[PDB]
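Pasted below: run30.csv, CSV, C-alpha atoms.
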```csv
chain,number,residue,atom,x,y,z
A,1,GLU,CA,0.0,0.0,0.0
A,2,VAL,CA,3.0,2.3,0.7
A,3,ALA,CA,4.1,1.8,-3.0
A,4,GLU,CA,0.6,2.8,-4.2
A,5,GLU,CA,0.6,5.8,-1.9
A,6,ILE,CA,3.8,7.2,-3.5
A,7,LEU,CA,2.4,6.8,-7.0
A,8,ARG,CA,-0.7,8.8,-6.1
A,9,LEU,CA,1.6,11.4,-4.6
A,10,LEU,CA,3.6,11.5,-7.8
A,11,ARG,CA,0.4,12.0,-9.9
A,12,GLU,CA,-0.5,14.9,-7.6
A,13,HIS,CA,3.0,16.4,-7.9
A,14,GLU,CA,2.7,16.3,-11.7
A,15,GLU,CA,-0.5,18.3,-11.6
A,16,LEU,CA,1.3,20.6,-9.1
A,17,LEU,CA,4.1,21.1,-11.6
A,18,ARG,CA,2.0,22.1,-14.5
A,19,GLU,CA,0.0,24.6,-12.4
A,20,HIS,CA,3.2,26.0,-11.0
A,21,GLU,CA,4.6,26.4,-14.5
A,22,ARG,CA,1.4,28.3,-15.4
A,23,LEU,CA,2.1,30.5,-12.4
A,24,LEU,CA,5.5,31.4,-13.8
A,25,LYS,CA,3.9,32.3,-17.2
A,26,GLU,CA,1.4,34.6,-15.6
A,27,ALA,CA,4.0,36.3,-13.4
A,28,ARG,CA,6.4,36.7,-16.3
A,29,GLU,CA,3.7,38.4,-18.4
A,30,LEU,CA,2.7,40.7,-15.6
A,31,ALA,CA,6.3,41.9,-15.1
A,32,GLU,CA,6.6,42.6,-18.8
A,33,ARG,CA,3.2,44.4,-18.8
A,34,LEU,CA,4.2,46.4,-15.7
A,35,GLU,CA,7.5,47.5,-17.2
A,36,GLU,CA,5.6,48.7,-20.3
A,37,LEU,CA,3.0,50.7,-18.3
A,38,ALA,CA,5.8,52.3,-16.3
A,39,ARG,CA,7.4,53.6,-19.6
A,40,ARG,CA,4.0,54.7,-20.9
A,41,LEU,CA,3.4,56.5,-17.6
A,42,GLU,CA,6.7,58.4,-17.9
A,43,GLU,CA,5.7,59.4,-21.4
A,44,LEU,CA,2.3,60.7,-20.1
A,45,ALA,CA,4.2,62.8,-17.5
A,46,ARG,CA,6.3,64.5,-20.2
A,47,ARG,CA,3.6,65.0,-22.8
A,48,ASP,CA,-3.0,63.6,-25.4
A,49,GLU,CA,-6.1,61.5,-25.1
A,50,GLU,CA,-4.3,58.6,-26.8
A,51,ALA,CA,-1.6,58.7,-24.2
A,52,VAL,CA,-4.2,58.5,-21.5
A,53,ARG,CA,-6.1,55.8,-23.4
A,54,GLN,CA,-3.1,53.6,-23.8
A,55,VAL,CA,-2.3,53.9,-20.1
A,56,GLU,CA,-5.9,52.9,-19.3
A,57,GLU,CA,-5.8,49.9,-21.7
A,58,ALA,CA,-2.3,48.8,-20.6
A,59,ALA,CA,-3.3,48.9,-16.9
A,60,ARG,CA,-6.7,47.3,-17.4
A,61,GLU,CA,-5.1,44.3,-19.1
A,62,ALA,CA,-2.2,44.1,-16.6
A,63,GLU,CA,-4.9,43.9,-13.9
A,64,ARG,CA,-6.5,40.9,-15.6
A,65,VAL,CA,-3.1,39.1,-15.7
A,66,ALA,CA,-2.5,39.9,-12.0
A,67,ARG,CA,-5.9,38.3,-11.2
A,68,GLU,CA,-4.9,35.1,-13.0
A,69,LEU,CA,-1.6,35.1,-11.1
A,70,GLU,CA,-3.5,35.4,-7.8
A,71,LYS,CA,-6.0,32.7,-8.8
A,72,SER,CA,-3.2,30.3,-9.9
A,73,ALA,CA,-1.2,30.9,-6.7
A,74,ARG,CA,-4.3,30.3,-4.6
A,75,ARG,CA,-5.0,27.1,-6.5
A,76,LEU,CA,-1.4,26.0,-5.8
A,77,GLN,CA,-1.9,26.6,-2.1
A,78,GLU,CA,-4.9,24.4,-1.8
A,79,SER,CA,-3.0,21.7,-3.6
A,80,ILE,CA,0.0,21.8,-1.3
A,81,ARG,CA,-2.6,21.0,1.4
A,82,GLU,CA,-3.5,17.9,-0.7
A,83,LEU,CA,0.1,16.9,-0.9
A,84,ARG,CA,0.6,17.2,2.9
A,85,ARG,CA,-2.7,15.3,3.6
A,86,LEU,CA,-1.4,12.5,1.3
A,87,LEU,CA,2.0,12.9,3.1
A,88,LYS,CA,0.6,12.2,6.6
A,89,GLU,CA,-1.2,9.1,5.3
A,90,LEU,CA,2.2,8.0,3.9
A,91,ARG,CA,4.0,8.8,7.2
A,92,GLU,CA,1.9,6.4,9.1
A,93,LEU,CA,1.9,3.8,6.4
A,94,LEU,CA,5.7,3.7,6.2
A,95,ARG,CA,6.2,3.7,9.9
A,96,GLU,CA,4.1,0.5,9.9
A,97,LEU,CA,7.3,-1.0,8.5
A,98,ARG,CA,12.9,-2.3,6.6
A,99,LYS,CA,15.7,-0.1,5.5
A,100,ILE,CA,13.7,1.1,2.5
A,101,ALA,CA,11.1,2.5,4.8
A,102,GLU,CA,13.9,4.2,6.7
A,103,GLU,CA,15.0,5.9,3.5
A,104,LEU,CA,11.5,6.9,2.6
A,105,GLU,CA,11.1,8.8,5.9
A,106,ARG,CA,14.2,11.0,5.3
A,107,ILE,CA,13.0,12.1,1.8
A,108,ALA,CA,9.4,12.5,3.1
A,109,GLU,CA,10.6,14.7,6.0
A,110,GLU,CA,12.6,16.7,3.5
A,111,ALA,CA,9.6,17.0,1.2
A,112,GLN,CA,7.7,18.4,4.2
A,113,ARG,CA,10.2,21.2,4.6
A,114,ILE,CA,10.2,22.0,0.9
A,115,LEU,CA,6.4,22.2,0.8
A,116,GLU,CA,6.4,24.6,3.8
A,117,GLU,CA,9.1,26.7,2.0
A,118,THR,CA,7.1,26.5,-1.2
A,119,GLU,CA,3.9,27.8,0.3
A,120,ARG,CA,5.9,30.7,1.9
A,121,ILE,CA,7.0,31.6,-1.6
A,122,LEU,CA,3.4,31.4,-2.9
A,123,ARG,CA,2.1,33.7,-0.1
A,124,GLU,CA,4.7,36.3,-1.0
A,125,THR,CA,3.7,36.0,-4.7
A,126,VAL,CA,0.1,36.6,-3.8
A,127,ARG,CA,1.1,39.8,-1.9
A,128,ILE,CA,3.1,41.1,-4.8
A,129,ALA,CA,0.2,40.3,-7.1
A,130,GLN,CA,-2.2,42.1,-4.8
A,131,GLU,CA,0.1,45.1,-4.6
A,132,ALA,CA,0.2,45.2,-8.4
A,133,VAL,CA,-3.6,45.3,-8.6
A,134,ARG,CA,-3.8,48.3,-6.3
A,135,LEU,CA,-1.0,50.2,-8.2
A,136,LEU,CA,-2.7,49.4,-11.5
A,137,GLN,CA,-6.1,50.7,-10.1
A,138,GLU,CA,-4.3,53.8,-9.0
A,139,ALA,CA,-2.8,54.3,-12.4
A,140,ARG,CA,-6.2,54.4,-14.0
A,141,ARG,CA,-7.7,56.8,-11.4
A,142,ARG,CA,-4.8,59.3,-11.8
A,143,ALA,CA,-4.9,59.2,-15.6
A,144,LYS,CA,-8.5,60.2,-15.8
A,145,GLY,CA,0.3,66.3,-12.3
A,146,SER,CA,3.6,65.0,-13.7
A,147,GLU,CA,5.2,64.6,-10.3
A,148,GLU,CA,2.6,62.2,-9.1
A,149,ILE,CA,2.7,60.2,-12.3
A,150,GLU,CA,6.5,59.8,-12.0
A,151,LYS,CA,6.3,58.5,-8.5
A,152,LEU,CA,3.7,55.9,-9.4
A,153,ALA,CA,5.8,54.9,-12.4
A,154,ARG,CA,8.7,54.4,-10.0
A,155,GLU,CA,6.6,52.4,-7.5
A,156,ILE,CA,5.5,50.1,-10.4
A,157,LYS,CA,9.1,49.5,-11.4
A,158,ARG,CA,9.9,48.5,-7.8
A,159,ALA,CA,7.0,46.0,-8.0
A,160,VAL,CA,8.7,44.6,-11.1
A,161,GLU,CA,11.9,44.0,-9.3
A,162,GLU,CA,10.3,42.1,-6.4
A,163,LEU,CA,8.2,40.2,-9.0
A,164,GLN,CA,11.4,39.1,-10.7
A,165,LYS,CA,12.8,38.0,-7.3
A,166,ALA,CA,9.6,36.0,-6.7
A,167,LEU,CA,10.1,34.4,-10.2
A,168,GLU,CA,13.6,33.2,-9.1
A,169,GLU,CA,12.2,31.8,-5.8
A,170,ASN,CA,9.3,30.0,-7.5
A,171,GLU,CA,11.6,28.5,-10.1
A,172,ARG,CA,13.8,27.4,-7.2
A,173,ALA,CA,10.9,25.8,-5.3
A,174,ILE,CA,9.9,23.9,-8.5
A,175,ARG,CA,13.4,22.3,-8.7
A,176,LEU,CA,13.4,21.2,-5.0
A,177,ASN,CA,9.9,19.7,-5.5
A,178,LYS,CA,11.1,17.9,-8.7
A,179,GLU,CA,14.2,16.5,-6.9
A,180,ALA,CA,12.1,15.4,-3.9
A,181,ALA,CA,9.8,13.5,-6.3
A,182,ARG,CA,12.7,11.9,-8.1
A,183,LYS,CA,13.9,10.4,-4.8
A,184,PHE,CA,10.5,8.9,-4.2
A,185,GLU,CA,10.7,7.1,-7.6
A,186,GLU,CA,14.1,5.6,-7.0
A,187,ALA,CA,13.6,4.6,-3.4
A,188,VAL,CA,10.3,2.9,-4.2
A,189,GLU,CA,11.8,1.0,-7.1
```
Here is the file; what I need is its structure written in the form of structure tokens.
Amino acid sequence: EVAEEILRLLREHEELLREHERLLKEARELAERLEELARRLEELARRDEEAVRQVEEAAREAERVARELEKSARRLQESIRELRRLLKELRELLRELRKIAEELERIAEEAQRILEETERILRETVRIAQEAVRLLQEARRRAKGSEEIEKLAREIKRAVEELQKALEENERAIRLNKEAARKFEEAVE
């Protein structure tokens, strides 16, 4: 039964992986769209109903992408709970017992720490996505002086930088989850 429990956990990790890959895509597009709006805002400060219109349309679409980023990270968080619920059922099954079971408890205990670190990454990604939504909503209200448009453009560019740091940490958490799953395959073989 322990062998069948790992295989179900591996299937869940696979669905975890493709949802986390979708999270990277949404966050990569948001950062690109936020950098573009920042440049459009700095042009609006120096300059036009088209310049106001393109700021409104660039922010409105960047807000839709930030919502998808938030929805994807929320979906990943409710699935780490599934992984850990499957993990506790495995913890008791392997402790029913053999040296193979002793190896499975070191890689399962490590997988616990990775999932905890992974959800801490996702919670920070939700925060940056929520900060992006508020800044985008502020960009559309102000576009309806130059000094205030410049500061908002600078604040958006700082959100880009922490979004890029969240990209690195999410890509790192994917590797650690992939490597933890590879150990489950070889140890159960």
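Summary of the local environment: counting all atoms listed in the file, residues at most 10 Å from residue 56 in chain A, other than itself and those fewer than 4 positions away along its chain, are residues 37, 50, 51, 52, 60, 61, 62, 136, 137, 139, 140, 141, 142, 143 and 144 of chain A.
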Selected residues, C-alpha atoms, written as an mmCIF file, keeping the file's coordinate frame, please.
```cif
data_model
loop_
_atom_site.group_PDB
_atom_site.id
_atom_site.type_symbol
_atom_site.label_atom_id
_atom_site.label_comp_id
_atom_site.auth_asym_id
_atom_site.auth_seq_id
_atom_site.Cartn_x
_atom_site.Cartn_y
_atom_site.Cartn_z
ATOM 1 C CA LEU A 37 3.000 50.700 -18.300
ATOM 2 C CA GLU A 50 -4.300 58.600 -26.800
ATOM 3 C CA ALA A 51 -1.600 58.700 -24.200
ATOM 4 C CA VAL A 52 -4.200 58.500 -21.500
ATOM 5 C CA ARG A 60 -6.700 47.300 -17.400
ATOM 6 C CA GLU A 61 -5.100 44.300 -19.100
ATOM 7 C CA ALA A 62 -2.200 44.100 -16.600
ATOM 8 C CA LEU A 136 -2.700 49.400 -11.500
ATOM 9 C CA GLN A 137 -6.100 50.700 -10.100
ATOM 10 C CA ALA A 139 -2.800 54.300 -12.400
ATOM 11 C CA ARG A 140 -6.200 54.400 -14.000
ATOM 12 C CA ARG A 141 -7.700 56.800 -11.400
ATOM 13 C CA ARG A 142 -4.800 59.300 -11.800
ATOM 14 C CA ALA A 143 -4.900 59.200 -15.600
ATOM 15 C CA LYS A 144 -8.500 60.200 -15.800
#
```
Checklist line | Two-atom distance - CA of residue 114 in chain A, CA of residue 161 in chain A (Å) | finding: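 Separating CA of residue 114 in chain A from CA of residue 161 in chain A is a distance of 24.3 Å.
The spacing separating CA of residue 151 in chain A from CA of residue 41 in chain A amounts to 9.8 Å.
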Notebook entry, point to check: If we count only C-alpha atoms, what is near residue 110 in chain A at a cut-off of 10 Å, once residues fewer than 6 positions away on the same chain are taken out, given as JSON, numbers by chain?
Noted result: {"A": [104, 176, 177, 180]}
Item checked: Nearby residues (all atoms listed in the file) at most 10 Å from residue 89 in chain A, same-chain spacing under 4 positions excluded, as an MDAnalysis selection string -> chainID A and resid 2 5 84:85 93:94
Notebook entry, point to check: Which neighbours of residue 163 in chain A fall inside 12 Å, counting all atoms listed in the file, when residues of the same chain fewer than 6 positions from it are skipped, and could you give them as a PyMOL selection string?
Noted result: chain A and resi 23-24+26-35+66+69+121-122+124-132+156-157+169-170
Note to self: List the spatial neighbours of residue 182 in chain A as a ChimeraX atom specification - criterion: any atom at most 12 Å away, all atoms listed in the file, same-chain residues fewer than 4 positions off excluded.
What the structure shows: /A:6-7,9-10,13-14,104,107-108,111,175-178,186-189
Checklist line | CA of residue 39 in chain A to CA of residue 138 in chain A, distance in Å rounded to a single decimal | finding: 15.8 Å
Check: For residue 133 in chain A, which residue among A:155, A:70, A:168, A:63 is the nearest when counting all atoms listed in the file?
Finding: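 Ranking A:155, A:70, A:168, A:63 by distance to residue 133 in chain A, first place goes to A:63.
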